[PDB]
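All remarks here apply to the structure that follows.
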Amino acid sequence: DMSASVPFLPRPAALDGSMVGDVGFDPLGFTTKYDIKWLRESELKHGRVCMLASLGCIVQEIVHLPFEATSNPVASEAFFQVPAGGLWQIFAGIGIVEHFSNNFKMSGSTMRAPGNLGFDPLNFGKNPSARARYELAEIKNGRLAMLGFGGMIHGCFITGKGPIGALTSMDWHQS
Amino acid sequence: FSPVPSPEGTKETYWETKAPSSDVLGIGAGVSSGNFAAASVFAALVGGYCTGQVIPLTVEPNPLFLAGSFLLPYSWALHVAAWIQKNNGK
Amino acid sequence: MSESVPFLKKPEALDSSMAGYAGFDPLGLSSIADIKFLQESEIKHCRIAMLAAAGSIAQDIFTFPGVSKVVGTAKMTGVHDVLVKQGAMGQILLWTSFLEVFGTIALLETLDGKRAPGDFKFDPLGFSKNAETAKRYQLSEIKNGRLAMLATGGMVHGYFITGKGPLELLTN
Ligand code: CLA
Ligand code: CLA
Ligand SMILES: CC1=C(C#C/C(C)=C/C=C/C(C)=C/C=C/C=C(C)/C=C/C=C(\C)C#CC2=C(C)C[C@@H](O)CC2(C)C)C(C)(C)C[C@H](O)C1
Ligand SMILES: CC1=C(C#C/C(C)=C/C=C/C(C)=C/C=C/C=C(C)/C=C/C=C(\C)C#CC2=C(C)C[C@@H](O)CC2(C)C)C(C)(C)C[C@H](O)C1
Ligand SMILES: CC1=C(C#C/C(C)=C/C=C/C(C)=C/C=C/C=C(C)/C=C/C=C(\C)C#CC2=C(C)C[C@@H](O)CC2(C)C)C(C)(C)C[C@H](O)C1
Ligand SMILES: CC1=C(C#C/C(C)=C/C=C/C(C)=C/C=C/C=C(C)/C=C/C=C(C)/C=C/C2=C(C)CCCC2(C)C)C(C)(C)C[C@H](O)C1
């Protein structure tokens with residue numbers, strides 16, 4: 001009927017309440033234009049990268065390898081300091097992993113279950129009742145991570161001190 | 001050869017009468033002929049005054065007089081709408 | 001005839017059911033533009049103006065900690081220039097613009113006629129569940145907003161003439 005998240009606007013037709021992590025929040029109606037499974041797959045993929053990335057930014061400030069250029073406390077500044085060959089290795093690996101994960105399938109070809117890559121080395125969710133709460137947990141923590149990583153990366157651009165240093169050392173008593 | 005689309009709200013405007021139907025005035029279809037005639041004279045006088053006040057154009061023209069000068073051509077369209085409404089009994 | 005202006009005819013588009021109806025539209029602007037759009041705009045203008053008038057008085061009475069260094073003496077419109085240089089005005093614009101984007105979707109729904117104008121279903125604390133009190137509150141909102149629109153213009157123009165600000169000008 002009407003969206004729970006946005007009370008005034010009508011409920012998006014596509015959602016149906018079925019999908020995990022849905023509160024009716026689609027004001028601009030992207031769902032009508034695009035396939036729901038592809039959209040959710042992008043949202044999960046974006047979130048999973050962001051969760052790893054935010055932990056990485058904090059860890060990069062706190063810990064370093066016993067090597068130069070990996071000792072930088074600023075995430076972006078370290079990206080420049082670290083050798084290009086390593087960045088190329090990761091980028092090539094990620095491309096190979098995308099090819100590996102989808103069995104060489106594009107957006108039309110990929111659409112299987114939504115976001116269910118099925119990588120389960122340790123199956124935390126043995127119980128079906130317990131599962132879908134792990135689903136719910138992943139989506140909410142990933143969304144938080146996407147906003148937090150962006151918030152951190154721009155704070156690194158502005159303050160330049162890394163995430164924890166910026167947070168504790170807020171500018172205090174000066175314009 | 002195939003149906004030609006038009007925006008929703010397209011209506012028929014072909015006329016062979018003395019004056020066109022008031023639908024040709026769009027959002028101004030309900031305004032009276034007196035109100036267009038008074039707006040016509042008002043826009044003509046204010047537009048002519050504002051135009052006259054900036055005829056020697058400088059590098060600092062008053063923006064209100066520039067904007068008010070656009071009332072002169074708008075008054076032409078206003079008196080045309082006044083003739084249309086007077087001849088439609090409005 | 002019109003309840004507000006006896007000599008002129010009653011405005012056709014306007015109806016008694018709508019809140020804040022005085023039958024006042026001498027130039028018939030309601031005929032030219034969709035009434036639902038005009039209702040939504042009037043309510044929006046009223047609420048922005050209400051915040052503006054209260055803020056205008058409030059800035060005279062008290063100022064938030066540390067603001068005084070940034071705003072040396074300027075009041076009303078003058079403060080905006082300094083806070084435009086600093087980040088305050090831009091950050092407000094950004095968040096209001098984000099709100100307005102959803103407001104644009106809401107406006108479309110009002111124009112289609114599906115949704116009643118000016119209602120965002122924002123009642124965090126219940127004040128309008130009676131359905132009799134609701135209408136009185138709505139009339140109060142319209143009249144207070146109209147007064148605040150007139151007030152905001154009145155105060156800012158006094159600032160233009162003298163720079164006093166609303167409360168200071170009253171004192172002297
Ligand atoms: C989106 C995620 C992301 C991205 C783009 C980067 C990118 C970068 N990291 Mg970071 N990192 C990340 C996540 C990420 N990291 C996470 C999650 C951790 C652990 C909490 C770390 C811990 C880490 C350390 C300790 C250091 C870096 C450093 C660096 C930079 C140099 C490359 C290098 O020397 O790697 C070196 C990377 C390692 C020695 C170990 C990385 C192991 C991975 C990233 C963590 C596990 C991820 C997960 C299990 C992957 C699952 C794979 C599965 C899908 C198959 C590079 C810009 C270096 C740097 O310059 O520091 C300032 C450095 O010293 N990273
Ligand atoms: C149109 C409204 C409007 C505008 C443009 C401004 C603009 C400004 N004010 Mg004023 N102000 C306003 C309303 C307004 N204010 C209101 C309503 C009040 C309380 C009565 C104040 C009280 C006030 C003080 C005390 C101070 C300012 C100051 C400032 C300047 C810096 C920004 C700042 O810190 O404001 C901060 C303003 C607030 C935190 C008050 C906002 C409160 C309103 C009610 C917001 C309510 C949001 C609502 C609860 C959510 C509704 C959601 C719904 C739409 C769905 C800036 C020029 C500062 C300045 O430079 O003074 C010289 C300053 O010290 N304002
Ligand atoms: C849903 C909804 C809508 C909406 C919305 C919103 C708010 C959408 C917000 C979307 C956001 C914020 C997405 C963020 C993506 C960030 C990514 C993928 C970054 C990954 C990290 C990387 C690549 C890295 C890295 C790095 C590491 C870690 C360490 C460094 O040394 C190096 C390096 C810098 C390279 C709207 C309102 C429009 C309407 C719609 O109807 C419904
Ligand atoms: C699923 C599963 C397993 C797994 C797994 C994995 C990899 C799990 C990893 C999950 C991770 C890394 C989650 C981390 C999310 C980050 C968040 C929520 C932070 C948001 C930031 C905020 C709120 C902030 C901020 C900040 C701002 C913006 C500015 C800063 O100056 C300061 C401040 C800090 C305040 C595996 C694959 C092993 C197998 C198994 O079979 C299934
Ligand atoms: C509680 C809450 C809600 C809320 C809310 C809010 C924020 C409601 C706020 C409503 C407000 C701010 C009303 C303020 C009106 C101001 C007026 C009428 C001005 C009168 C000034 C005059 C006549 C003058 C003058 C002057 C002239 C011109 C020049 C000067 O030199 C002199 C002088 C000063 C005399 C809502 C409804 C959103 C939902 C829910 O319920 C939760
Ligand atoms: C410029 C600038 C800025 C600014 C700003 C702002 C806040 C500008 C706002 C200006 C406003 C709100 C003007 C409103 C004027 C109202 C009028 C003329 C109505 C009068 C009533 C009439 C004629 C009749 C009334 C009537 C009576 C008497 C009898 C008939 C019935 C009735 C209709 C009731 C900043 C902030 C960017 C700063 C920057 O540095 C400079």
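Please note that chains go A, B, ... in the order of the structure tokens, that every chain numbers its residues from 1, and that ligands are numbered from 1 in the order shown.
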
Which of stretch 103-159 of chain C DSSP labels alpha helix (DSSP H), written as a PyMOL selection string: chain C and resi 103-112+133-159

Keeping N, CA and C atoms for every residue in the selection just given, could you write it to a file as a short mmCIF file (atom, residue, chain, number, x, y, z; two decimals), in the first residue's frame?
```
data_model
loop_
_atom_site.label_atom_id
_atom_site.label_comp_id
_atom_site.auth_asym_id
_atom_site.auth_seq_id
_atom_site.Cartn_x
_atom_site.Cartn_y
_atom_site.Cartn_z
N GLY C 103 10.35 15.42 -1.58
CA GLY C 103 9.22 16.34 -1.72
C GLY C 103 8.74 16.47 -3.15
N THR C 104 9.66 16.40 -4.12
CA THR C 104 9.31 16.41 -5.54
C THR C 104 8.46 15.20 -5.89
N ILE C 105 8.84 14.03 -5.37
CA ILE C 105 8.01 12.84 -5.59
C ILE C 105 6.62 13.01 -4.96
N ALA C 106 6.59 13.59 -3.75
CA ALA C 106 5.33 13.85 -3.07
C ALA C 106 4.46 14.84 -3.85
N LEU C 107 5.08 15.88 -4.42
CA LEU C 107 4.36 16.87 -5.20
C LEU C 107 3.71 16.22 -6.41
N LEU C 108 4.43 15.29 -7.05
CA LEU C 108 3.86 14.61 -8.20
C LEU C 108 2.62 13.84 -7.79
N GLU C 109 2.69 13.17 -6.63
CA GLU C 109 1.54 12.41 -6.17
C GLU C 109 0.36 13.32 -5.84
N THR C 110 0.63 14.51 -5.29
CA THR C 110 -0.46 15.45 -5.01
C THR C 110 -1.10 15.95 -6.31
N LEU C 111 -0.28 16.25 -7.32
CA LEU C 111 -0.81 16.75 -8.59
C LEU C 111 -1.66 15.71 -9.28
N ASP C 112 -1.26 14.44 -9.21
CA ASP C 112 -2.09 13.38 -9.76
C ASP C 112 -3.42 13.23 -9.03
N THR C 133 -10.31 18.15 16.32
CA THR C 133 -9.14 18.95 16.65
C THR C 133 -8.23 19.12 15.44
N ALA C 134 -8.12 18.07 14.61
CA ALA C 134 -7.28 18.11 13.42
C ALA C 134 -7.60 19.29 12.51
N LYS C 135 -8.88 19.50 12.20
CA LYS C 135 -9.27 20.60 11.31
C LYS C 135 -8.94 21.95 11.93
N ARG C 136 -9.16 22.11 13.24
CA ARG C 136 -8.84 23.36 13.91
C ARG C 136 -7.34 23.62 13.87
N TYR C 137 -6.55 22.58 14.10
CA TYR C 137 -5.10 22.66 14.01
C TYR C 137 -4.66 23.04 12.60
N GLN C 138 -5.34 22.50 11.59
CA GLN C 138 -5.00 22.82 10.21
C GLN C 138 -5.27 24.28 9.90
N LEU C 139 -6.42 24.79 10.35
CA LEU C 139 -6.72 26.21 10.16
C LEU C 139 -5.71 27.07 10.90
N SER C 140 -5.30 26.63 12.10
CA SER C 140 -4.30 27.37 12.86
C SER C 140 -2.99 27.41 12.09
N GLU C 141 -2.61 26.28 11.49
CA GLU C 141 -1.37 26.22 10.73
C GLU C 141 -1.42 27.20 9.56
N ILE C 142 -2.54 27.24 8.83
CA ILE C 142 -2.63 28.13 7.68
C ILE C 142 -2.53 29.59 8.12
N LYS C 143 -3.30 29.97 9.15
CA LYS C 143 -3.30 31.37 9.57
C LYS C 143 -1.95 31.79 10.16
N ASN C 144 -1.35 30.94 11.00
CA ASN C 144 -0.03 31.23 11.56
C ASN C 144 1.03 31.33 10.47
N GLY C 145 0.97 30.44 9.48
CA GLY C 145 1.91 30.51 8.37
C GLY C 145 1.74 31.76 7.53
N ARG C 146 0.50 32.16 7.26
CA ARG C 146 0.27 33.39 6.50
C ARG C 146 0.81 34.59 7.25
N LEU C 147 0.60 34.62 8.57
CA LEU C 147 1.12 35.70 9.39
C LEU C 147 2.64 35.70 9.37
N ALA C 148 3.24 34.51 9.38
CA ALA C 148 4.69 34.41 9.38
C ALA C 148 5.29 34.81 8.04
N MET C 149 4.60 34.54 6.93
CA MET C 149 5.06 35.02 5.63
C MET C 149 5.09 36.54 5.61
N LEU C 150 4.00 37.15 6.07
CA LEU C 150 3.94 38.61 6.13
C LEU C 150 4.99 39.15 7.11
N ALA C 151 5.14 38.48 8.25
CA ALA C 151 6.10 38.88 9.27
C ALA C 151 7.53 38.81 8.77
N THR C 152 7.88 37.72 8.08
CA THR C 152 9.24 37.53 7.62
C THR C 152 9.61 38.64 6.66
N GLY C 153 8.70 38.98 5.75
CA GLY C 153 8.96 40.11 4.87
C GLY C 153 9.11 41.41 5.63
N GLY C 154 8.26 41.59 6.64
CA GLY C 154 8.26 42.82 7.42
C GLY C 154 9.50 43.13 8.20
N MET C 155 10.04 42.08 8.84
CA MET C 155 11.27 42.07 9.61
C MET C 155 12.50 42.25 8.73
N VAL C 156 12.57 41.50 7.61
CA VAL C 156 13.75 41.61 6.76
C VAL C 156 13.83 43.01 6.17
N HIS C 157 12.68 43.60 5.81
CA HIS C 157 12.73 44.94 5.25
C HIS C 157 13.16 45.95 6.32
N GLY C 158 12.72 45.77 7.58
CA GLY C 158 13.26 46.63 8.64
C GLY C 158 14.77 46.50 8.80
N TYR C 159 15.30 45.27 8.65
CA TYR C 159 16.76 45.08 8.68
C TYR C 159 17.43 45.81 7.53
#
```

Wanna dump the chain B-chain C contacts at 9 Å for me, each residue with its shortest atom pair and the distance in Å to one decimal, counting only C-alpha atoms, ordered by chain and number, as CSV?
```
residue,atom,partner,partner_atom,distance
B:26,CA,C:32,CA,8.8
B:27,CA,C:32,CA,5.1
B:28,CA,C:32,CA,5.4
B:29,CA,C:32,CA,7.6
B:30,CA,C:31,CA,6.1
B:31,CA,C:32,CA,7.1
B:35,CA,C:27,CA,8.1
```

Selection file, N, CA and C atoms, as a PDB file, in the first residue's frame:
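Dumped to part_7.pdb:
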```
ATOM      1  N   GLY B  26      -4.507  27.420 -23.255  1.00  0.00           N
ATOM      2  CA  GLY B  26      -3.802  26.588 -22.288  1.00  0.00           C
ATOM      3  C   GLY B  26      -4.284  26.852 -20.881  1.00  0.00           C
ATOM      4  N   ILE B  27      -3.343  27.134 -19.979  1.00  0.00           N
ATOM      5  CA  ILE B  27      -3.664  27.460 -18.594  1.00  0.00           C
ATOM      6  C   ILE B  27      -4.462  28.749 -18.452  1.00  0.00           C
ATOM      7  N   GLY B  28      -4.550  29.562 -19.499  1.00  0.00           N
ATOM      8  CA  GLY B  28      -5.290  30.803 -19.407  1.00  0.00           C
ATOM      9  C   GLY B  28      -6.681  30.714 -19.998  1.00  0.00           C
ATOM     10  N   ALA B  29      -7.199  29.491 -20.121  1.00  0.00           N
ATOM     11  CA  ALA B  29      -8.491  29.283 -20.761  1.00  0.00           C
ATOM     12  C   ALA B  29      -9.642  29.871 -19.962  1.00  0.00           C
ATOM     13  N   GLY B  30      -9.501  29.980 -18.649  1.00  0.00           N
ATOM     14  CA  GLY B  30     -10.546  30.522 -17.812  1.00  0.00           C
ATOM     15  C   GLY B  30     -10.441  31.980 -17.460  1.00  0.00           C
ATOM     16  N   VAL B  31      -9.408  32.663 -17.897  1.00  0.00           N
ATOM     17  CA  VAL B  31      -9.264  34.084 -17.615  1.00  0.00           C
ATOM     18  C   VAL B  31     -10.203  34.881 -18.512  1.00  0.00           C
ATOM     19  N   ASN B  35      -9.744  40.729 -18.047  1.00  0.00           N
ATOM     20  CA  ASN B  35      -8.505  40.532 -17.304  1.00  0.00           C
ATOM     21  C   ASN B  35      -7.307  40.446 -18.236  1.00  0.00           C
TER      22      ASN B  35
END
```

Can you pull out the residues contacting residue A:112? Cut-off 12 Å, using only C-alpha atoms, and skip same-chain residues under 4 positions away; I want them as a ChimeraX atom specification. /A:37-38,41,101-103,105,116-118

Chain A contacts to chain C at 12 Å (only C-alpha atoms) as a list in words: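 For chain A, the answer reads residues 2, 3, 4, 5, 6, 7, 8, 9, 10, 25, 26, 27, 28, 29, 172, 173, 174 and 175 of chain A.
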
Name the residues, by chain letter and number, that sit within 9 Å of ligand 4 using only C-alpha atoms and all ligand atoms, and give them as a VMD selection string. chain A and resid 47 to 56 58 118 to 125 134 138 140 to 156 159 161 to 168 170

For the interface of chain C with ligand 2 (cut-off 8 Å, counting only C-alpha atoms and all ligand atoms), please tabulate each contacting residue of chain C alongside its nearest pair of atoms and their separation in Å to one decimal, rows sorted by chain and increasing number, as a Markdown table.
```
| residue | atom | partner | partner_atom_place_in_ligand_line | distance |
| --- | --- | --- | --- | --- |
| C:48 | CA | ligand 2 | 1 (C) | 5.1 |
| C:49 | CA | ligand 2 | 1 (C) | 6.0 |
| C:50 | CA | ligand 2 | 1 (C) | 7.3 |
| C:51 | CA | ligand 2 | 17 (C) | 4.0 |
| C:52 | CA | ligand 2 | 1 (C) | 3.6 |
| C:53 | CA | ligand 2 | 13 (C) | 7.4 |
| C:54 | CA | ligand 2 | 20 (C) | 4.6 |
| C:55 | CA | ligand 2 | 12 (C) | 3.3 |
| C:56 | CA | ligand 2 | 11 (N) | 6.6 |
| C:57 | CA | ligand 2 | 20 (C) | 7.3 |
| C:58 | CA | ligand 2 | 22 (C) | 5.0 |
| C:59 | CA | ligand 2 | 24 (C) | 4.6 |
| C:60 | CA | ligand 2 | 62 (C) | 7.3 |
| C:61 | CA | ligand 2 | 25 (C) | 7.6 |
| C:62 | CA | ligand 2 | 25 (C) | 5.3 |
| C:63 | CA | ligand 2 | 64 (O) | 3.5 |
| C:64 | CA | ligand 2 | 64 (O) | 4.0 |
| C:65 | CA | ligand 2 | 64 (O) | 7.2 |
| C:67 | CA | ligand 2 | 64 (O) | 5.5 |
| C:68 | CA | ligand 2 | 62 (C) | 7.3 |
| C:70 | CA | ligand 2 | 60 (O) | 7.9 |
| C:71 | CA | ligand 2 | 60 (O) | 6.2 |
| C:74 | CA | ligand 2 | 62 (C) | 7.6 |
| C:75 | CA | ligand 2 | 62 (C) | 6.0 |
| C:76 | CA | ligand 2 | 57 (C) | 7.1 |
| C:77 | CA | ligand 2 | 57 (C) | 7.4 |
| C:79 | CA | ligand 2 | 57 (C) | 5.3 |
| C:80 | CA | ligand 2 | 57 (C) | 4.5 |
| C:83 | CA | ligand 2 | 31 (C) | 6.3 |
| C:88 | CA | ligand 2 | 32 (C) | 5.5 |
| C:89 | CA | ligand 2 | 32 (C) | 6.5 |
| C:92 | CA | ligand 2 | 32 (C) | 7.4 |
| C:99 | CA | ligand 2 | 54 (C) | 7.8 |
| C:120 | CA | ligand 2 | 55 (C) | 6.7 |
| C:122 | CA | ligand 2 | 55 (C) | 5.9 |
```

Just-selected residues, C-alpha atoms written as a short mmCIF file (atom, residue, chain, number, x, y, z; two decimals), in the first residue's frame:
```cif
data_model
loop_
_atom_site.label_atom_id
_atom_site.label_comp_id
_atom_site.auth_asym_id
_atom_site.auth_seq_id
_atom_site.Cartn_x
_atom_site.Cartn_y
_atom_site.Cartn_z
CA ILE C 48 9.45 27.90 5.70
CA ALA C 49 8.29 31.37 6.70
CA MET C 50 7.22 30.17 10.16
CA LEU C 51 10.67 28.78 10.80
CA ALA C 52 12.18 31.98 9.39
CA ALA C 53 10.20 34.34 11.64
CA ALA C 54 10.89 32.33 14.78
CA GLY C 55 14.56 32.11 13.85
CA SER C 56 14.70 35.85 13.25
CA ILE C 57 13.46 36.55 16.76
CA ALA C 58 15.59 33.74 18.26
CA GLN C 59 18.88 34.97 16.81
CA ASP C 60 18.30 38.28 18.59
CA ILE C 61 17.48 36.58 21.90
CA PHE C 62 20.27 34.00 21.93
CA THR C 63 23.09 32.66 19.79
CA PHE C 64 24.62 29.17 19.83
CA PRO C 65 28.05 28.62 21.46
CA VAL C 67 28.79 31.43 16.66
CA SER C 68 29.56 34.98 17.87
CA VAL C 70 32.11 33.98 13.11
CA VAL C 71 29.24 36.50 12.97
CA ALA C 74 25.64 41.14 11.04
CA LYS C 75 22.06 39.96 11.72
CA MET C 76 19.22 38.51 9.56
CA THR C 77 20.35 38.52 5.88
CA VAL C 79 24.67 36.48 8.86
CA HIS C 80 23.92 34.37 5.73
CA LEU C 83 27.96 31.58 7.03
CA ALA C 88 26.89 26.45 7.49
CA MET C 89 24.63 27.64 4.65
CA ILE C 92 21.78 23.36 5.31
CA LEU C 99 14.51 16.43 1.68
CA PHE C 120 3.85 14.01 4.80
CA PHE C 122 4.71 13.42 10.00
#
```

Residue B:25 environment, 12 Å, only C-alpha atoms, sequence neighbours closer than 3 positions dropped, as a ChimeraX atom specification: /B:13,19-22,28-33,36,77-78,80-85,88 /C:32

Please produce a file of the residues just selected, as a CSV table (one decimal), in the first residue's frame, where the atoms kept are N, CA, C and O atoms.
```csv
chain,number,residue,atom,x,y,z
B,13,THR,N,-7.7,21.5,-31.7
B,13,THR,CA,-7.7,23.0,-31.7
B,13,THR,C,-8.0,23.6,-33.1
B,13,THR,O,-8.0,24.8,-33.2
B,19,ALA,N,-13.5,33.2,-33.6
B,19,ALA,CA,-12.3,33.2,-32.7
B,19,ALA,C,-12.1,31.7,-32.3
B,19,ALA,O,-13.0,30.9,-32.3
B,20,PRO,N,-10.8,31.3,-32.0
B,20,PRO,CA,-10.6,30.0,-31.6
B,20,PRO,C,-11.2,29.7,-30.2
B,20,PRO,O,-11.6,30.6,-29.5
B,21,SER,N,-11.5,28.4,-30.0
B,21,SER,CA,-11.9,27.9,-28.7
B,21,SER,C,-10.9,28.3,-27.6
B,21,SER,O,-9.7,28.4,-27.9
B,22,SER,N,-11.4,28.6,-26.4
B,22,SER,CA,-10.5,29.0,-25.3
B,22,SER,C,-9.5,28.0,-24.9
B,22,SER,O,-8.5,28.4,-24.3
B,28,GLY,N,-4.5,29.6,-19.5
B,28,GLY,CA,-5.3,30.8,-19.4
B,28,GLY,C,-6.7,30.7,-20.0
B,28,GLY,O,-7.3,31.7,-20.3
B,29,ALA,N,-7.2,29.5,-20.1
B,29,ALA,CA,-8.5,29.3,-20.8
B,29,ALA,C,-9.6,29.9,-20.0
B,29,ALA,O,-10.7,30.2,-20.5
B,30,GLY,N,-9.5,30.0,-18.6
B,30,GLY,CA,-10.5,30.5,-17.8
B,30,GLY,C,-10.4,32.0,-17.5
B,30,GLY,O,-11.3,32.5,-16.8
B,31,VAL,N,-9.4,32.7,-17.9
B,31,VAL,CA,-9.3,34.1,-17.6
B,31,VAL,C,-10.2,34.9,-18.5
B,31,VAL,O,-10.4,34.5,-19.7
B,32,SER,N,-10.8,35.9,-18.0
B,32,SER,CA,-11.8,36.8,-18.6
B,32,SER,C,-11.1,37.7,-19.7
B,32,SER,O,-9.9,37.9,-19.6
B,33,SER,N,-11.9,38.2,-20.6
B,33,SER,CA,-11.4,39.1,-21.6
B,33,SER,C,-11.0,40.4,-21.0
B,33,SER,O,-10.1,41.1,-21.5
B,36,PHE,N,-7.5,39.8,-19.4
B,36,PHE,CA,-6.4,39.9,-20.4
B,36,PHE,C,-6.2,41.3,-20.9
B,36,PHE,O,-5.1,41.7,-21.2
B,77,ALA,N,0.8,39.1,-26.9
B,77,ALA,CA,0.1,37.8,-26.7
B,77,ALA,C,-1.1,38.0,-25.8
B,77,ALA,O,-2.1,37.4,-26.0
B,78,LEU,N,-1.0,38.9,-24.8
B,78,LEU,CA,-2.1,39.2,-23.9
B,78,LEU,C,-3.3,39.8,-24.7
B,78,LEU,O,-4.4,39.5,-24.4
B,80,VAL,N,-4.0,39.6,-27.9
B,80,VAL,CA,-4.6,38.5,-28.7
B,80,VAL,C,-5.5,37.6,-27.9
B,80,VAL,O,-6.6,37.3,-28.3
B,81,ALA,N,-5.0,37.2,-26.7
B,81,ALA,CA,-5.9,36.4,-25.8
B,81,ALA,C,-7.1,37.2,-25.4
B,81,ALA,O,-8.2,36.6,-25.2
B,82,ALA,N,-7.0,38.5,-25.2
B,82,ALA,CA,-8.2,39.3,-24.9
B,82,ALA,C,-9.2,39.4,-26.0
B,82,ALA,O,-10.4,39.3,-25.8
B,83,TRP,N,-8.8,39.4,-27.3
B,83,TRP,CA,-9.7,39.4,-28.4
B,83,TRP,C,-10.3,38.0,-28.5
B,83,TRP,O,-11.6,37.9,-28.8
B,84,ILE,N,-9.6,36.9,-28.2
B,84,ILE,CA,-10.1,35.6,-28.3
B,84,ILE,C,-11.2,35.4,-27.2
B,84,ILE,O,-12.2,34.8,-27.5
B,85,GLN,N,-10.9,35.9,-26.0
B,85,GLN,CA,-11.9,35.7,-24.9
B,85,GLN,C,-13.1,36.6,-25.1
B,85,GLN,O,-14.2,36.2,-24.7
B,88,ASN,N,-15.3,34.8,-27.5
B,88,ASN,CA,-15.9,33.6,-26.9
B,88,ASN,C,-16.8,33.9,-25.8
B,88,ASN,O,-17.3,32.9,-25.1
C,32,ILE,N,-6.0,29.9,-13.2
C,32,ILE,CA,-4.8,29.7,-14.1
C,32,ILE,C,-4.0,28.5,-13.8
C,32,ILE,O,-3.6,27.7,-14.7
```

Ligand 1 neighbours within 6 Å using only C-alpha atoms and all ligand atoms, as a PDB file with C-alpha atoms, in the first residue's frame:
```
ATOM      1  CA  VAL A  49      33.543  -4.812  -0.471  1.00  0.00           C
ATOM      2  CA  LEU A  52      36.146  -5.404   4.174  1.00  0.00           C
ATOM      3  CA  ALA A  53      37.350  -1.929   3.147  1.00  0.00           C
ATOM      4  CA  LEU A  55      37.969  -2.784   8.512  1.00  0.00           C
ATOM      5  CA  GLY A  56      40.990  -2.446   6.241  1.00  0.00           C
ATOM      6  CA  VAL A  59      43.658  -1.867  10.384  1.00  0.00           C
ATOM      7  CA  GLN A  60      46.011  -0.101   7.940  1.00  0.00           C
ATOM      8  CA  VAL A  63      49.076  -2.219  11.857  1.00  0.00           C
ATOM      9  CA  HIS A  64      51.844  -2.321   9.257  1.00  0.00           C
ATOM     10  CA  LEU A  65      54.021  -4.983   7.716  1.00  0.00           C
ATOM     11  CA  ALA A  69      55.268   1.938   1.918  1.00  0.00           C
ATOM     12  CA  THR A  70      52.990  -0.433   3.882  1.00  0.00           C
ATOM     13  CA  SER A  71      53.747   1.648   6.974  1.00  0.00           C
ATOM     14  CA  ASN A  72      51.671   4.641   5.860  1.00  0.00           C
ATOM     15  CA  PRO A  73      48.845   5.536   8.287  1.00  0.00           C
ATOM     16  CA  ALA A  78      49.492   4.414   1.230  1.00  0.00           C
ATOM     17  CA  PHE A  79      47.833   3.492  -2.083  1.00  0.00           C
ATOM     18  CA  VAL A  82      52.654   0.881  -2.343  1.00  0.00           C
TER      19      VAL A  82
END
```

Near residue A:14, within 8 Å and counting only C-alpha atoms, which residues show up once chain neighbours fewer than 3 positions away are dropped, as a list in words?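 Result of the neighbour search: residues 31, 32 and 36 of chain A.
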
Determine, counting only C-alpha atoms, which protein, DNA and RNA residues have an atom within 9 Å of an atom of stretch 66-71 of chain B; residues of the same chain fewer than 5 positions away are not included. Present the result as a ChimeraX atom specification. /B:42-52,54,61,76

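Take atom CA of residue C:113 and atom 11 (C, counted along the ligand's line) of ligand 5: the distance between them is 28.3 Å.
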